[PDB]
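If you read the sequences in order, they're chains A, B, C and D. Here the first sequence stands for residues 5 to 113, 122 to 436, numbered as in the authors' numbering. Here the second sequence stands for residues 5 to 113, 122 to 436, numbered as in the authors' numbering. Here the third sequence stands for residues 5 to 113, 122 to 436, numbered as in the authors' numbering. Here the fourth sequence stands for residues 5 to 113, 122 to 436, numbered as in the authors' numbering. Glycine residues also receive a C-beta, built at the ideal position from the N, C-alpha and C atoms. Input: a single structure, listed below in structure tokens.
Protein chains: 4
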Amino acid sequence: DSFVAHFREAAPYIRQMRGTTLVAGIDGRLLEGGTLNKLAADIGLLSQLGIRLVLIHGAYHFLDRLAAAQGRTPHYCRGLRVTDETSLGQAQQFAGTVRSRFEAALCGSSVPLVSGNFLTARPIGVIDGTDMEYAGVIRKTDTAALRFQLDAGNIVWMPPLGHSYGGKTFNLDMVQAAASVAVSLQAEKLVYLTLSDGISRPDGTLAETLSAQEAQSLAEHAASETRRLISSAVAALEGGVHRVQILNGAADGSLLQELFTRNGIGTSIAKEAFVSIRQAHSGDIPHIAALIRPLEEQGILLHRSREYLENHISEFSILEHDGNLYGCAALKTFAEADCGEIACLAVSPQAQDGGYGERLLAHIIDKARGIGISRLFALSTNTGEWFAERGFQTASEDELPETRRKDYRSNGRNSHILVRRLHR
Amino acid sequence: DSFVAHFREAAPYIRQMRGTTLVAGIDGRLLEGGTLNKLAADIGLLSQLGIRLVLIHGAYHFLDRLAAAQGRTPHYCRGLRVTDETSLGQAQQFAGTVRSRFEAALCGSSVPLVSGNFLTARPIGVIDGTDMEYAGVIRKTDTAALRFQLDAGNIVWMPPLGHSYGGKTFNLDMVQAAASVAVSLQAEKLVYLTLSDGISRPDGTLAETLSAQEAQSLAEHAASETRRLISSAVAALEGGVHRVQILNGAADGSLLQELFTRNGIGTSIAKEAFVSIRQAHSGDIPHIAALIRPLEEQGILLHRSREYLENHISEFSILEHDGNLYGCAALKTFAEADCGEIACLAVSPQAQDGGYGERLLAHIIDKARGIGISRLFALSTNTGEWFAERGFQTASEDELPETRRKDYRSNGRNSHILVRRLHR
Amino acid sequence: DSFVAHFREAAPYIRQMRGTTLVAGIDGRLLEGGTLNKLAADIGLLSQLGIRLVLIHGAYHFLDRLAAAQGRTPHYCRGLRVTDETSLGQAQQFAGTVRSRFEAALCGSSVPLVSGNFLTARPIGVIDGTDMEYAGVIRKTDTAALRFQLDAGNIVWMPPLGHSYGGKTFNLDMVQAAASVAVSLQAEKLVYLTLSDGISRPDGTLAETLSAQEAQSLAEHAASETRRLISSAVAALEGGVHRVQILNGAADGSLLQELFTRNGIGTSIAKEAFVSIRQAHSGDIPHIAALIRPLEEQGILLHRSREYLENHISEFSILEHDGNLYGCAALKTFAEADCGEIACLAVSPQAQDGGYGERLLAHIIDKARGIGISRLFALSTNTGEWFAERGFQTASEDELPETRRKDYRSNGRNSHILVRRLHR
Amino acid sequence: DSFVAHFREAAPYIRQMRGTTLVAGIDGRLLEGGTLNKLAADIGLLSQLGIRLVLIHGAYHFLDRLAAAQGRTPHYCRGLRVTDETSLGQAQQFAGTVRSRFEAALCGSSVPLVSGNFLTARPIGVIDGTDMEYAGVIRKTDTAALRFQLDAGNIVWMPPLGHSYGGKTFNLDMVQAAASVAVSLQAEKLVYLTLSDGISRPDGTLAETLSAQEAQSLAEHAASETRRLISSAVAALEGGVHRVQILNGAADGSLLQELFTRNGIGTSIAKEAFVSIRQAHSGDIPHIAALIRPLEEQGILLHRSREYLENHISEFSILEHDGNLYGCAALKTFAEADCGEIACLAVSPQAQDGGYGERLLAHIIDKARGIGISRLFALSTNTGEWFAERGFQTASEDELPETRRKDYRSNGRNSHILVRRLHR
Ligand SMILES: CC(C)(COP(=O)(O)OP(=O)(O)OC[C@H]1O[C@@H](n2cnc3c(N)ncnc32)[C@H](O)[C@@H]1OP(=O)(O)O)[C@@H](O)C(=O)NCCC(=O)NCCSCC(=O)N[C@@H](CCC(=O)O)C(=O)O
Ligand SMILES: CC(C)(COP(=O)(O)OP(=O)(O)OC[C@H]1O[C@@H](n2cnc3c(N)ncnc32)[C@H](O)[C@@H]1OP(=O)(O)O)[C@@H](O)C(=O)NCCC(=O)NCCSCC(=O)N[C@@H](CCC(=O)O)C(=O)O
Ligand SMILES: CC(C)(COP(=O)(O)OP(=O)(O)OC[C@H]1O[C@@H](n2cnc3c(N)ncnc32)[C@H](O)[C@@H]1OP(=O)(O)O)[C@@H](O)C(=O)NCCC(=O)NCCSCC(=O)N[C@@H](CCC(=O)O)C(=O)O
Ligand SMILES: CC(C)(COP(=O)(O)OP(=O)(O)OC[C@H]1O[C@@H](n2cnc3c(N)ncnc32)[C@H](O)[C@@H]1OP(=O)(O)O)[C@@H](O)C(=O)NCCC(=O)NCCSCC(=O)N[C@@H](CCC(=O)O)C(=O)O
């Protein structure tokens, strides 16, 4: 397409990404060669697009090569690496080489880059009988110092190294560190830059999007490498991060493509908090009634007698929290086998605005999809826009199922009519 | 002495040092061993005393050992080192090791420490036929980014490395870099931390204090090592820095002793700008007259006829700038061979407050010292405090030379009498 | 010792004191003579060390002398003074004299000093039948205006005077005022500057440190003078202040010695909040189990069957809040009569970080000290550092009691071994 | 009038006064009695109207009464008072009493009030043979600390007391101090609050407005009391202050009446900088030409041949600076003896905007007033608004002098016509 078509395509993603915080976990293989130069170009750019960036890099792969080649053999317990005083020594050397290459890569294509003593570490200790030695975990993250720099527009660079109150230095696992830091910053996005195109489903495909549950179900049959990833991503998500993404840092431009296109190569994981939605039974009726009466009192909902409710209960779904009822919604069917109706959609004013609306709308869309329903209607006097903004086209009365066009004319309400098409 | 006697001793030096900027050039030998731990302790402390700190470290000595040992031979032109792509490589490694050791040393005895891409470098190029290669000089110092961090209370750490617009990295001479950076920050103090107790005079003594002239006169007969130091110190001073100091980083506590004691081990260099002070001759008389008439008009100065001036001209010193007369002062002598008087001390209101007063007072103190004068008097109606604050004790009339006690009683002025003792 | 030994000694105390707020209650006797000049020197210094200072002074002793001498007799009810319109009058005069002397004392050895209308007062009213008249208490403290000035680095000076909405002025008791103000600022330190070396124990010794309980037990048999002190200190502590201290303002340098030495002359009082720690009995077992199972599930704790627990319950201490169990810890004994072991140390993740750990560690240290135990061991896989940072030296297996060295080899865990020596 | 008529009257004065700085020199007699309460009410109000307030008070009158009554006799040299250690002592007492009364007066009718060590003083020394002793002058004003508090909205209170580097305290003359401080703050207004209705002209009237010249001409025949006032006011004005005012603090509401009414009781002094305006002669013609040609080139001015200029030179006034010509303007006369015209009004673009326009307009208004001219016309194509905003009503051609109505129709320009009536 044209340049102008591409920029207008990314525009909405720039608007979202702007002022948000993005923490990037970089495999250290990427920080060597023609790949490092392009990584800095796109990162440079992100800075320019006003995204607050935190960058941590890995070292395991360097170390592990320095080892084998120089005689010794690296050893890993429960995923984590044993790092001896000498591994630690060269981990510090590597960090100074990578920070410096990157810095140069960034001036070769202004942008301001900062590092500090932001991380304090304790030793992992002993795992399954094995002393890990200089393997550490982040004990304290200087979250104020971080935000202070990000506020200033500076790119934050972090080696896989934190220090202890005792004057020792520890080697940190990039993947767990990226996740920790991100959760401290309550960052909106954690991005792991790997050498893989993402996380594959069992059928060898690339899982474009995943839930933290779907992801967790993939880990059982998965390489231990991507097992630890998933666990850190799932940990991040639970800890606050809005979205974590896995990309191939070796795929030229992938970072730009992931962030500013609709489709975006690579895989993204998010956690949709659990809300309990279930078929209504005889007992919710007093609750549902309690919820909808005020509404039908205001003339927003059509009146629904307890009796009606008693013999129409199966059309109803209720959304609950701790046995409390906070929402409901009904799917109506018709002679026309394609049509459905979302009816009696209500969330209590106190639990409003938390996304419950959406969740009941979705829920009955799956119900309606299960029974071969393609067109789904919604009539309302004072809430049509909500539907407009969620996949609905205003409709005409002559386009309703016959029975509903007839209630429509008797009503005397003139509610607005909106339809949405449900797909295969 | 007691703890309380020591703290009260340092108190005035803390008051001066506070909020001022101090740039420290560290020999990299200091960043290894039990010496690094104590360096960080005292630096940690300085941070706590509210001194803005910038820290750059050297690498030549590491490199040069890595070289010889590993076969190769280092080479230096006009003081500067030839650093090849491989020297550069390990200079980056060293920097990552030293920054990290220091960081740990600082947590083992909270304090916030920051580094950035503050320096942009160009290659030195070719010197006397020799390609220097990866030897660079600071082309641009990010002075805003620096001040921004110092304002935040952060300690700034800088490796001897800056980058180019071309994506290359260059090795910087710590000593020249420290001086450049300091001059950009217009820092009040540059401190070089060496392995020597300072700069020795020809007589093998340690030159406690020096002027940028005295220092420059020492460089001719001096080791090339301390030659480059002096030139960087003298360059700093000319460029703005108020004071540069040379200490032995290996002398435990020297840094604290230099900054917060009266005497302070090690050597300090400062530049006193040039002001021309000379004996008056026949021609200054209209100028001097012009200067002092307003004053004697106000009754601050005793009246001095042109005639008086004509046959007393040799008592007079004048302070001038571009042939312009901005001050004057007279030394009076007496039957009493010990006594002098500072008389007719005046600086034009326009050039007042720049220290001219001081300079004429000093000047005639050297005159008065040259002719065996120990007690120096000063009488005035409205300016006695100035003298109080500069080494003067209020005196009684019965303590003046006889002739002056007699003018004193006739006068009818009752001017205040202050004396100051001049020494061997 | 050397200057350098003294500065490095105070360094940790400067680091703590920095940015913290210190409110000083000054007996007004100190504000007269050679003692006032040194008080300002050390206060000047504190300002320079970045401590936020609030200074309130007393007046009772002046007033009371002005009285008797000028005929009249002062009278005090429940500790507080009756101040009549004329006492009030001269209390305002004194305040203007003391503020001004201090100000001068501070310029004679830059530092910025501010006073305002920060205090609004109501009358105390009538006490035990007696009209107190112009005796007031602080009704409102302008806490925002205060912080605003302290933020600016200014020293805050406050007379023992506050005003009313009615346009009257009241005399405030310095001691209660200092405590009130401090509690408003939630200051980390309240310091009373008296004419006494502190608070004496019954045996005529100077109580170096006290708890707000120990202190309160001293007040019964104590001079009414120090009774009111204690009550204000205890009130401050309960109200938020971290530490209150009593010094002799007439003891030259005491203020510097109190704040920046380990030992520090004078007496300090602090409140350790109450946490209930008691021997475990049969009933805690399900709770303790609940607490430690997750841990032994993670392999952090060795497994402890309910049965074990049932016949080892007396080794156990539990830490509780409102009948809730939040921690536990066991002392193990051995054939070796000198040895103990802290075992099964656990605090629930929810009440973690509040210092509960410390409190159980301490607690069993007192238990272990009670039964002649000098060496106390602690083995763990993932928490050795905690012990390092609390008085523990890493140990070797060959140094455990025999039985424990044997479990150690069977275990197959290789936990880290740390010891700490308990004293007489 | 009505409340609404009064508020709308003051509105323009509130708009001017807002955000401006006002320094008030208060006679200390005002700070006692029912007069102090009302002074604080109106000052309180000023604070509320967003005027930055600095308040210094006097003490001479208190002292001088304390003296005589208690035996001793006060003595003054060149206006300034001899203040001995004991005068100084009670000057500090008075200051503490007045600050405190005022503070209370201000709470009896929220508003934030601050004092500090803002003033550093040196002794005046000896005057005409007399030791002044504790008479001081402000040597340094902490101008940053002041602005910092004013920025915060705080009312600044200053006693007539400043300190020395030597730890001494000096008595300051309120009147000279107010003027100094004001000039440091470059305050827009200095206000002296006296016990007099202002400064009287020789004819015993109250001089409503004065120039710093008119004022200075009144001082020769004036009481020494008001002599020193005038000199301080004139000194303030020269030093930057836009306006200084003298009021009677004992006249209830005078302060409000002075600041927020058109007329305002009491007397105000301002300095109109000197600009040289004189009749043109033969020599300015090339200059005037140079000035107006560009303009008549643009068609803003009617063309005026050198010849015209040569025989019309007496109609011309020129405004000059250092022999440079920066403006000109011509007064035209007519058969109609009442009419004038401002013609050929021009200021060079470089010296534009400095008020030169105004000054030439005024100047020829005085010329035109001198020769019996009441109506003054001004025609222009592109600058009519300037005249509208300076006392001019748009006019019709039929209202011009006949000759000018005739040039008007030939012109073919249709310039705008504005008139202004000049009075007796
Ligand atoms: C609209 C409801 C369901 C959204 O709940 P909830 O807040 O949990 O969902 P949500 O968090 O996903 O959406 C929140 C956002 O929607 C927006 N929103 C809320 N009410 C809106 C409205 N009336 N118009 C536009 N936007 C609205 C909010 O501004 C909020 O904005 P944001 O995205 O944060 O910028 C909730 O406000 C509610 O229960 N309102 C009262 C009930 C109601 O209006 N029901 C009508 C549904 S249409 C179908 C229906 O029930 N019809 C009737 C009869 C009508 C007839 O036939 O004439 C019947 O069946 O009996
Ligand atoms: C005092 C003079 C010399 C200082 O010049 P200059 O400003 O260049 O020196 P400086 O920069 O080193 O000092 C500046 C500082 O001194 C301070 N200062 C200036 N005048 C001061 C004063 N009168 N009192 C206290 N401090 C003063 C300034 O505040 C400034 O303060 P800072 O340190 O920045 O905080 C200058 O202000 C001046 O020329 N004043 C007028 C002349 C004058 O007062 N001469 C008296 C000298 S005593 C000897 C003398 O000439 N006596 C008479 C007769 C007297 C008799 O016998 O009765 C005679 O021989 O004829
Ligand atoms: C470590 C515990 C006790 C501290 O509780 P609590 O937080 O209330 O105490 P606290 O507030 O005084 O200390 C908090 C500070 O300690 C630090 N901290 C917490 N865990 C740490 C760790 N693993 N390493 C270093 N520092 C740690 C925190 O960072 C915090 O830092 P801060 O001072 O605020 O900068 C708590 O985290 C906990 O219960 N962790 C899980 C239990 C555990 O690790 N127990 C091991 C104790 S060693 C003895 C033991 O029970 N051994 C086993 C078997 C072992 C074997 O023989 O192989 C047995 O007897 O069965
Ligand atoms: C308008 C002149 C005189 C003001 O000089 P100056 O800047 O020194 O005075 P000022 O500082 O007191 O006033 C400055 C303020 O006036 C405002 N101002 C300047 N030009 C303005 C304009 N054309 N309209 C409205 N306001 C204007 C400025 O905005 C400034 O605003 P501020 O108060 O700071 O917010 C100056 O801009 C100038 O020389 N302009 C070019 C000459 C010009 O326009 N002369 C016309 C005067 S009317 C009389 C005249 O000379 N007529 C012709 C023929 C016309 C005919 O008969 O058709 C003749 O006799 O040959």
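Which of the three DSSP states, helix, strand or coil, is assigned to residue i?
{"i": "residue 246(C)", "result": "helix"}
{"i": "residue 128(C)", "result": "strand"}
{"i": "residue 376(D)", "result": "helix"}
{"i": "residue 141(A)", "result": "coil"}
{"i": "residue 119(B)", "result": "For residue 119(B), no position is available: the coordinates of chain B end at 113 and pick up again at 122."}
{"i": "residue 39(B)", "result": "helix"}
{"i": "residue 10(A)", "result": "helix"}
{"i": "residue 123(C)", "result": "coil"}
{"i": "residue 423(A)", "result": "helix"}
{"i": "residue 152(B)", "result": "strand"}
{"i": "residue 204(A)", "result": "strand"}
Quick one: which chain C residues come within Cβ less than 7 Å of residue i?
{"i": "residue 282(B)", "result": "Neighbours of residue 282(B) on chain C: none; closest Cβ ~22 Å, over 7 Å."}
{"i": "residue 269(B)", "result": "7, 8"}
{"i": "residue 96(B)", "result": "In chain order: nothing, as chain C lies at least about 31 Å away."}
How would you list, in chain order, the residues of chain B whose beta-carbon sits under 7 Å from the beta-carbon of residue i?
{"i": "residue 57(A)", "result": "Within 7 Å Cβ-Cβ: nothing; residue 57(A) doesn't reach chain B, min ~14 Å."}
Run down chain C in chain order and give the residues with a C-beta less than 9 Å from the C-beta of residue i.
{"i": "residue 196(A)", "result": "Those within 9 Å of residue 196(A) in chain C number zero; the least Cβ separation is about 15 Å."}
Measure the beta-carbon distance from residue i to residue j and round it to whole angstroms, keeping in mind my assumption that it falls under 8 Å.
{"i": "residue 32(D)", "j": "residue 61(D)", "result": "5 Å"}
{"i": "residue 317(D)", "j": "residue 350(D)", "result": "Rounded, the Cβ-Cβ distance is 29 Å, inconsistent with contact."}
{"i": "residue 430(B)", "j": "residue 372(B)", "result": "That pair is no contact at about 16 Å."}
Please list, in chain order, the chain A residues whose beta carbon lies closer than 8 Å to that of residue i.
{"i": "residue 124(B)", "result": "128, 129, 154, 157"}
What does residue i reach in chain B if we use C-beta pairs closer than 8 Å?
{"i": "residue 66(A)", "result": "Neighbours of residue 66(A) on chain B: none; closest Cβ ~12 Å, over 8 Å."}
Anything in chain C within Cβ reach of residue i, meaning under 8 Å, just list it in chain order.
{"i": "residue 141(A)", "result": "424, 425, 426"}
Against residue i, what residues of chain A qualify as contacts under a CB-to-CB distance less than 9 Å, listed in chain order?
{"i": "residue 132(B)", "result": "111"}
{"i": "residue 176(B)", "result": "108, 111, 112"}
Of all the beta strand (DSSP E) runs that stay within the bounds of the stretch 44-92 of chain C, which reach a length of 3 or more residues?
56-61
Note down, one range per segment and in chain order, each beta strand (DSSP E) of at least 3 residues found wholly within the stretch 268-338 of chain D.
The beta strand (DSSP E) runs of length 3 or more contained entirely in the stretch 268-338 of chain D are, from start to end of the chain, 279-282, 288-291, 328-333.
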